[PDB]
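Reviewing the structure listed below.
Protein chains: 4
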Amino acid sequence: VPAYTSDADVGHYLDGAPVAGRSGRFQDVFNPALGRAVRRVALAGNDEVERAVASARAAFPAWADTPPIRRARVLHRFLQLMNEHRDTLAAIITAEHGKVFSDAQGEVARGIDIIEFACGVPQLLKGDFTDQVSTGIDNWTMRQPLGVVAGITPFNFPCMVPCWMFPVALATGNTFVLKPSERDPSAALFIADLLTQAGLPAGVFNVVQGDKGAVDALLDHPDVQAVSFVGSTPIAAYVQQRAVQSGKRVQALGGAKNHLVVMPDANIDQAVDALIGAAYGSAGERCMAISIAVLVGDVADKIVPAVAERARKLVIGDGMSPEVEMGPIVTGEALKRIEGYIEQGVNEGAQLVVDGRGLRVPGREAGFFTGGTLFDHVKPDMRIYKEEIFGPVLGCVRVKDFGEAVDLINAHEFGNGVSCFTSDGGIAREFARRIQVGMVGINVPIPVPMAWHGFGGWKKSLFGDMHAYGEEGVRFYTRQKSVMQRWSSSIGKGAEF
Amino acid sequence: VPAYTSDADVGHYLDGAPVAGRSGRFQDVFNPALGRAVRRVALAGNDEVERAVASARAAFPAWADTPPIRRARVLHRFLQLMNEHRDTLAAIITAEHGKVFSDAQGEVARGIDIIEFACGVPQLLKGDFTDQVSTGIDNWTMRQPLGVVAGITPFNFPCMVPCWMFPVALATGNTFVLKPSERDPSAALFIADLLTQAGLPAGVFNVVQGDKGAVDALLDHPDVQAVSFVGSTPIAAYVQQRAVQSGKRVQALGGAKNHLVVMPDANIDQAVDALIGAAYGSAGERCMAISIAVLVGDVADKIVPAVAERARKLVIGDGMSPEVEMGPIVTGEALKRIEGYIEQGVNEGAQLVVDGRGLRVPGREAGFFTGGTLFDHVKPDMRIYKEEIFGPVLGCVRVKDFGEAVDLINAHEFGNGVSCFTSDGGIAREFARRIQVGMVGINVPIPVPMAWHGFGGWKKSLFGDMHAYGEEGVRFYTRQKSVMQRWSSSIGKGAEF
Amino acid sequence: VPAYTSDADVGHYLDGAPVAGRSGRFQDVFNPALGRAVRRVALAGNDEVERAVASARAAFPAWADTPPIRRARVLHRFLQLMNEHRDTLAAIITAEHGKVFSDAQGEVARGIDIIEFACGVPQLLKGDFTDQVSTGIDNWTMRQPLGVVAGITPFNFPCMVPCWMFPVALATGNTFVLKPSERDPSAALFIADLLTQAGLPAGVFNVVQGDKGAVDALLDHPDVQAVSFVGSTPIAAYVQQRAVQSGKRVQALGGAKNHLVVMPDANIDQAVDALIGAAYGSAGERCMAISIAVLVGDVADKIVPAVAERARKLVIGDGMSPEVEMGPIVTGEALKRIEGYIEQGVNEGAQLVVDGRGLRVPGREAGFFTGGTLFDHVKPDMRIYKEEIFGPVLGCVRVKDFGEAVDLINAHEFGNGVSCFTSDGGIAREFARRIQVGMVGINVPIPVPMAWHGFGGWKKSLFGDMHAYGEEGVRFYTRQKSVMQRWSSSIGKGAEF
Amino acid sequence: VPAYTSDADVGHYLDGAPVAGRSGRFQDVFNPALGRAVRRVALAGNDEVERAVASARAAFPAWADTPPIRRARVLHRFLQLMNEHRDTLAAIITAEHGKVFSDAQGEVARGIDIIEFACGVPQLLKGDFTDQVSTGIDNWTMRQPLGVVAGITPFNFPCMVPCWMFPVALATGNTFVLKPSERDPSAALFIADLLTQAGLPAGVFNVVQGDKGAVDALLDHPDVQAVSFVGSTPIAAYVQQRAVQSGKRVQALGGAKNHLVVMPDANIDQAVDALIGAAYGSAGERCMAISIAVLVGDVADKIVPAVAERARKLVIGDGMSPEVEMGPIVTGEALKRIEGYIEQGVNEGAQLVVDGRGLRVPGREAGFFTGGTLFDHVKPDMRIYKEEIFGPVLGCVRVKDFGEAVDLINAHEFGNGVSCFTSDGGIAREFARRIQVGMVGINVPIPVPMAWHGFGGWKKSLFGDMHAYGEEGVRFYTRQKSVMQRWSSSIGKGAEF
Ligand SMILES: NC(=O)c1ccc[n+]([C@@H]2O[C@H](COP(=O)([O-])OP(=O)(O)OC[C@H]3O[C@@H](n4cnc5c(N)ncnc54)[C@H](O)[C@@H]3O)[C@@H](O)[C@H]2O)c1
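Here it is in structure tokens:
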């Protein structure tokens with residue numbers, strides 16, 4: 004599969020067709036491996052957002068009246084098409100985001116998993132029927148679609164996060180307007196085209212490109228019923244407040260600071276492999292990336308020297324090269340912020356075991372590249388421990404026993420993911436049932452739940468009370484109706500009745 | 004059972020014991036049938052709210068560690084005690100609220116139904132277990148309690164609405180702080196005493212009396228996790244906004260304007276009986292009360308003359324008299340507001356078929372009594388159609404056919420309850436699946452769902468995305484955790500392993 | 004699509020490849036439209052059955068260890084292949100069975116529906132997890148595959164009935180041996196080939212052709228765990244007895260005698276259309292075919308004259324002709340038995356309104372053709388009312404009111420399907436909740452439940468206690484295991500633990 | 004609580020009242036601690052069985068028409084009564100069965116748990132409702148009662164096993180006829196009296212005493228729909244065959260041979276305590292009793308010497324003495340058979356570490372008493388390993404590693420219960436998912452599942468395909484009905500419609 008190249012402007016999607024921007028405002032889109040802009044993306048105004056919402060509202064009733072099995076068959080055709088063109092989408096993601104090609108393939112596969120789950124929506128839409136609640140009265144419940152829903156997605160997963168939202172929403176009978184991240188929008192348009200090739204009626208799925216202005220226009224529109232958001236914690240709080248102020252259902256996912264605990268009885272080699280992978284995959288630009296390593300007892304001297312040796316030997320380069328393990332950062336501002344965090348960590352007393360600054364890649368000297376960074380003797384009061392770096396920086400914190408590690412983890416402001424490596428059943432049971440984290444792994448560095456369970460963190464990692472996809476996602480996109488029924492005597496109509 | 008009389012001050016409940024107020028501010032509590040104050044209720048300050056929250060937080064961990072079956076057994080003993088003392092509670096409710104004694108007995112029975120449902124919580128807390136999601140990895144989910152939750156309840160159901168909230172919350176493993184309506188608080192204290200007699204540990208259930216100040220103190224406290232509110236629409240919106248601003252889970256129920264549709268093929272006598280009962284039970288002080296009668300075709304001339312004849316013959320008096328069908332209004336200000344609504348309805352062109360103003364009850368001349376009021380030829384642009392009166396006022400709106408009635412109902416701002424009387428299966432099916440209302444009745448004037456389904460309206464009748472009690476109530480009070488587990492080889496420990 | 008022609012012998016399927024018979028015994032296979040044999044089918048001995056069972060048992064462990072999502076993906080590829088080659092399978096079914104081409108297409112579509120449901124097996128295999136049943140003890144359940152299962156299918160649905168069984172059994176992790184009807188076996192082999200093209204491992208699905216001897220060999224084999232059977236009532240009882248005697252799980256479906264009730268307030272034209280279709284589709288060779296019309300009140304004179312007029316105008320001929328509505332009978336012996344039933348009905352006093360005997364089709368004079376037959380004034384004591392004819396014969400029974408019809412239906416020995424045509428809600432509710440029939444239709448002549456509900460009749464129509472496909476089908480193919488877990492203190496291993 | 008004494012004849016229960024026997028045949032009932040008969044029990048003939056079945060069939064329709072919530076309230080009152088009189092029932096059980104008083108109290112508590120689960124039947128009877136399966140068609144399922152069901156129970160649990168059956172059957176809407184064990188029938192009558200005091204209508208619950216003749220009369224009766232049986236394997240197979248031959252739903256539970264595995268990393272003291280308790284509680288007369296101890300590696304020398312030391316120090320005497328840990332055997336024939344098994348074990352080469360024969364209890368010299376017996380070096384080919392002794396006999400089998408123990412357990416003919424003691428997570432996971440046993444314990448000697456999961460073994464331990472109580476028990480007592488509904492246009496009735 005050849006590398007993705009294109010210079011045309013990136014527009015919006017409306018009525019089952021691409022449309023060029025009309026506001027006159029554009030933003031450059033960079034190739035991170037080259038360090039220069041390659042195309043532009045239009046920034047939609049209020050009128051284009053209103054046009055997309057009107058199209059979705061016009062399309063909603065007929066799509067809602069469609070039986071769920073036919074909607075599932077449309078999603079089945081879309082799944083076939085997605086399996087057909089996975090390499091092209093992965094190449095687009097590598098070109099714009101900058102991750103490794105195999106990582107993009109894995110992201111596409113993870114989105115296809117959610118689509119596979121959504122294909123079975125007739126089973127998921129079962130209501131409850133109760134007969135003879137009193138003498139001659141029956142009572143049953145069902146769930147019905149809301150209307151027009153909106154989704155706002157980040158840059159690090161331009162394909163998987165939209166697949167967390169739109170398949171289930173379309174399966175339950177809603178219409179969707181998507182606002183992708185402006186740093187890598189092309190994938191969204193690609194997906195929309197595939198949705199049109201699968202037989203989806205026009206207006207059911209629309210795309211608008213833009214920034215904070217388009218988000219505010221979406222949040223203020225009275226014809227929008229629900230909002231799903233994925234991003235950082237402050238923006239999630241702002242989105243939740245503004246959407247609740249206008250009377251909408253909101254779910255918003257925030258940031259993370261994920262810990263991995265190594266017990267004295269853990270497998271050392273597997274723990275080192277897990278730490279390396281989960282800390283330096285995709286250059287640490289994942290919500291489930293491990294950023295703090297908690298070392299218990301005397302295993303620290305068996306972990307830090309090994310991990311450092313693996314950190315210096317990472318292969319860094321262009322994402323389309325097969326042997327490359329880590330790609331560049333998305334933008335230069337993010338790279339500068341990561342370097343500032345490293346400088347702050349050095350200034351506040353943490354030991355800099357491995358320094359990744361000042362990296363030059365041959366043939367990619369202008370790319371936004373950096374090396375892996377490893378700290379030691381990190382303290383809870385340091386800024387590199389409390390704040391989210393979102394880069395290839397790993398810190399090590401040493402504790403005396405299991406209870407100290409549990410208390411340290413429970414005191415953090417984030418509750419997204421946690422992992423523990425051990426061979427003892429009782430320790431695993433107590434850690435699983437005592438930790439204040441939404442997603443827990445036992446010898447699993449990145450515990451992303453399956454498509455039929457749902458994704459969601461605790462504390463400041465989630466604003467709302469429902470999770471993404473799964474049965475939680477099904478319930479978020481529908482509203483419950485109850486019906487109580489009885490009849491009187493029919494002898495009036497005739498003796499036969 | 005004798006009438007309830009008492010002159011002691013009404014205080015708060017803390018640590019399994021009543022406590023007198025310490026702020027120094029009190030509010031009078033009236034007997035509506037007599038028209039004069041009979042006791043006082045203390046208004047808690049910020050310090051007393053903080054004390055209650057601290058007690059609940061101290062009690063939370065041990066109660067959460069208790070197995071669900073033992074919590075269910077505590078609730079079972081509480082159910083036995085509630086069945087033992089139902090008449091005393093009903094007499095208290097009649098004395099303070101002013102409803103008929105049989106109506107109070109029905110309210111207590113409806114609360115006991117929710118307690119009966121909550122007794123079966125071990126079945127409801129089943130998680131999902133999946134084996135071999137990949138080779139050697141298992142994945143399971145569970146739901147865990149939130150912590151300290153708060154409930155805010157209105158005056159019209161001083162017993163049933165608190166039973167919508169605290170039984171399920173206690174069954175799932177939370178601690179509860181209740182803020183009852185200050186117009187009739189005594190019942191809450193009674194319930195708390197019963198909860199202590201059933202073996203509930205101290206601090207798990209606390210009561211604070213007060214007003215907007217106590218509500219703000221509860222909404223601002225950082226140790227409170229969830230808020231449940233029942234009341235009018237503006238206060239519900241205010242509560243939701245203020246609680247979301249501090250990062251809490253919120254559910255808030257608002258007002259209503261319930262319609263009943265009479266089709267040309269309906270049973271006339273049963274329709275008249277249903278209209279009379281559902282419009283003039285409890286003096287129209289119910290969220291599920293019918294306030295608009297929609298008459299289709301030529302049945303209007305068969306409905307209005309009959310209903311009016313029943314409206315003039317209502318027996319009105321003190322709630323403890325067995326023959327009385329309707330009691331007084333809760334306060335004199337509410338009576339004045341209802342009379343103002345009647346005057347407005349006369350001024351705007353509606354025909355006043357039956358006028359209930361200027362009623363004097365022999366022996367209860369100082370009571371807040373009023374008669375039944377019936378309007379005719381009500382239009383959608385009138386204020387008596389758009390706004391909630393919350394009194395014994397019924398208006399009649401005439402339409403030409405089924406579609407006009409459906410369009411009229413779907414254009415209202417409220418979506419709480421709706422009813423339709425017919426003998427045709429297709430009309431019932433289309434009405435049930437097309438109406439934009441949360442709770443639907445077919446020949447059922449007041450379609451309150453069963454304890455295992457849940458209570459909730461649509462549009463401006465509910466702020467949030469979860470319903471009260473049932474599985475929705477169970478999910479509102481818990482948070483989901485996912486666990487993924489795997490193990491490595493054990494050959495290192497020995498050849499036997 | 005051309006008509007299907009082939010003269011090769013029909014063999015068995017083993018280890019992912021066709022195999023020729025080795026017993027030396029064959030049976031002729033007829034083309035019903037031509038009236039002559041066109042090919043042969045081998046009849047397997049005991050050794051070939053044992054070979055198939057051994058292959059399935061050898062393949063079972065690896066297939067059971069496969070994660071459910073990969074099995075679902077194999078079924079997804081099989082679904083794609085089935086959608087690709089539906090017309091060829093329909094042509095084969097028309098050539099051997101003799102039904103109309105559109106009817107065969109509908110049968111293939113109905114099987115594809117069950118495959119679509121089975122593709123979502125990871126959701127269906129969720130167990131129950133409960134935490135802290137007592138202090139420190141957890142309890143969870145799961146369902147695991149049985150092993151080798153066997154299926155026995157009739158002639159009238161050579162594709163749909165096997166799809167009732169093998170997709171769910173393969174999804175839950177079992178291996179399958181199929182014994183198709185010897186009258187039309189080719190479709191089974193076709194399906195097996197498709198299953199091999201989708202990536203199914205060898206030995207997971209095997210086919211053996213034969214007769215009572217092969218069935219007895221399957222029922223006596225100690226390595227077979229479960230048996231599913233579809234056929235007539237006496238054979239179902241025999242199969243259940245013989246399989247239970249050897250300690251196996253059994254489900255067996257029997258015969259039917261389906262009634263349709265016409266109320267005085269029903270739509271006459273729609274009732275006539277439903278009666279014609281459900282009585283003369285596929286020449287009455289369906290378990291859900293309507294064979295008795297129950298007429299209530301004075302509607303009989305509006306039903307019998309119309310239906311008869313439609314019965315004389317049926318177009319009968321070769322199944323590949325587009326304008327043909329009814330095809331021939333499967334064999335000449337069945338045609339002779341149907342004619343004997345008609346003669347018996349004439350002899351016992353029923354009025355022969357329309358006689359279908361003595362039919363000659365131009366160009367198909369040797370085919371097993373017969374016309375539609377209509378009786379009137381049928382009594383419960385007649386043999387044409389009590390016994391199943393399984394042909395294009397419809398009888399009419401007149402009753403006075405609703406209760407008489409209900410009592411008549413509840414006294415029959417069969418309980419498979421029932422239908423009622425009315426416009427009254429109360430009558431529909433009472434009929435649905437009072438009738439002693441497994442499958443009920445309100446204005447639906449053939450109420451076959453959806454893929455996510457399950458298929459099953461009552462009384463003599465089913466031997467066992469579980470239904471086919473759906474959650475019932477999932478539970479039939481799995482066994483439940485419970486696990487209770489606890490751990491002791493880990494302080495012995497170290498102070499850190 | 005005083006010891007239970009009574010000399011009146013034990014009769015049957017009919018129409019909510021005790022009735023004396025009329026056949027003229029009686030059987031003596033022994034006090035095992037005294038060794039002499041104390042009363043008689045009548046053995047019902049065919050006519051009395053027919054009378055009980057007729058009474059149940061007469062009572063069935065009204066009980067089935069009762070709403071489930073009222074049936075649940077009847078069960079709630081019964082639960083209150085059972086909690087009130089638990090000590091009297093325990094004393095009766097101790098007097099007739101001969102177990103320790105605390106053991107009888109535990110049995111009563113375990114039955115009360117099942118009653119508590121059954122009190123929540125309205126939630127469990129939820130059907131599935133699906134809207135718009137096609138355009139204008141809805142489909143929903145429900146479950147309805149079967150009719151008259153019969154239960155047959157053993158001697159070792161005269162209270163708990165009947166509570167496995169009749170509460171769920173009554174909750175789902177059936178009528179029950181009970182055939183208790185003739186060795187200790189009084190408890191059944193006691194329970195029936197309590198059921199009458201709770202408001203149960205007459206004829207819903209009937210009791211018949213007897214033996215094989217009464218069982219055959221029950222199995223042959225055409226008005227009985229379902230049979231539940233608990234007992235030994237040969238009788239279970241006979242009952243299943245005879246009940247299937249007459250077309251009934253059957254579930255039958257058989258015998259057991261439960262193994263406990265001790266790993267080298269297990270806690271030695273806790274393992275010894277578990278072995279002693281689970282092997283010598285209730286004199287080994289439990290289906291979940293541990294009869295084989297599997298010792299892996301070098302732990303055998305740390306287990307056998309300790310266990311033997313505990314086996315010689317057991318306190319044996321009358322069950323009403325507080326300090327007694329083990330009571331006598333139920334009959335003298337059972338004691339003789341146990342002694343014969345011990346003699347056979349000595350003859351076939353097993354080492355008799357501890358011999359319990361020749362025991363004399365001071366003051367109870369005529370009682371059917373025996374001591375604890377411990378064998379060592381037991382082989383799979385011995386009769387004491389393959390056959391069920393059902394007494395206080397424990398054998399020890401030594402294996403080399405984990406795989407040998409798993410292979411040994413999987414080769415047995417019984418699959419009821421299994422336990423494994425270890426501190427390693429991976430070993431526990433592999434043992435739980437690989438063992439061919441229905442009920443599994445990790446560090447739990449007796450893994451009886453909770454009331455909301457269900458009880459059932461595998462292989463020769465269960466005949467049928469459904470388990471006892473839980474959702475399996477709910478599904479066994481009900482049959483599923485499907486309803487598909489649609490309506491035509493209503494414009495014919497009028498323009499308004
Ligand atoms: N949707 C439902 O299920 C439901 C049920 C019952 C009643 N209601 C509604 O309740 C209303 C009648 O009850 P009410 O008159 O007691 O309602 P309300 O709005 O006064 O709510 C009562 C509660 O809110 C508190 N409250 C009142 N004003 C407040 C303020 N400004 N700030 C903060 N807290 C404040 C009170 O102290 C009390 O605890 C009607 O509108 C009726 O429709 C709704």
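Chains as they are written, first to last, in full-length UniProt numbering: chain A, 4 to 500; chain B, 4 to 500; chain C, 4 to 500; chain D, 4 to 500.
Here a beta-carbon is modelled for each residue, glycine too, at the ideal position from N, C-alpha and C.
Check                                                                                                                                                           : Outcome
Determine the contact status of residue 427/D and residue 163/D, defining contact as a CB-CB distance below 9 Å.                                                : no
Could you please give me the residues that DSSP links to residue 2/C through a beta bridge?                                                                     : The shown model of chain C, from 4 to 500, leaves out residue 2/C, and the question about it has no answer.
If you reduce the DSSP assignment to three classes, tell me which class residue 302/B lands in.                                                                 : coil
Does the beta-carbon distance from residue 287/B to residue 321/B come in below 9 Å?                                                                            : no
How many Å lie between residue 398/A and residue 423/D at the Cα?                                                                                               : 40 Å
Can you tell which of 116/D, 237/D, 139/D has the C-alpha that lies nearest to the C-alpha of residue 165/D?                                                    : 116/D
Measuring straight from C-alpha to C-alpha, what distance separates residue 471/A and residue 413/A?                                                            : 23 Å
For chain D, is any of its Cβ atoms less than 9 Å away from the one on residue 291/C?                                                                           : no
Can you list, in chain order, the residues of the stretch 58-76 of chain D whose Cβ is nearer than 8 Å to any Cβ on chain A?                                    : 68, 70, 71, 72
Express the C-alpha separation of residue 237/C and residue 41/C in angstroms, rounding to a whole number.                                                      : 30 Å
Write down the C-beta distance between residue 504/D and residue 231/D rounded to the nearest angstrom, noting that I regard them as a contact closer than 8 Å. : There is no way to answer for residue 504/D, as the model of chain D reaches only from 4 to 500.
Is there at least one Cβ from chain C nearer than 9 Å to residue 79/A's Cβ?                                                                                     : yes
For residue 290/A, which three-state DSSP category applies?                                                                                                     : coil
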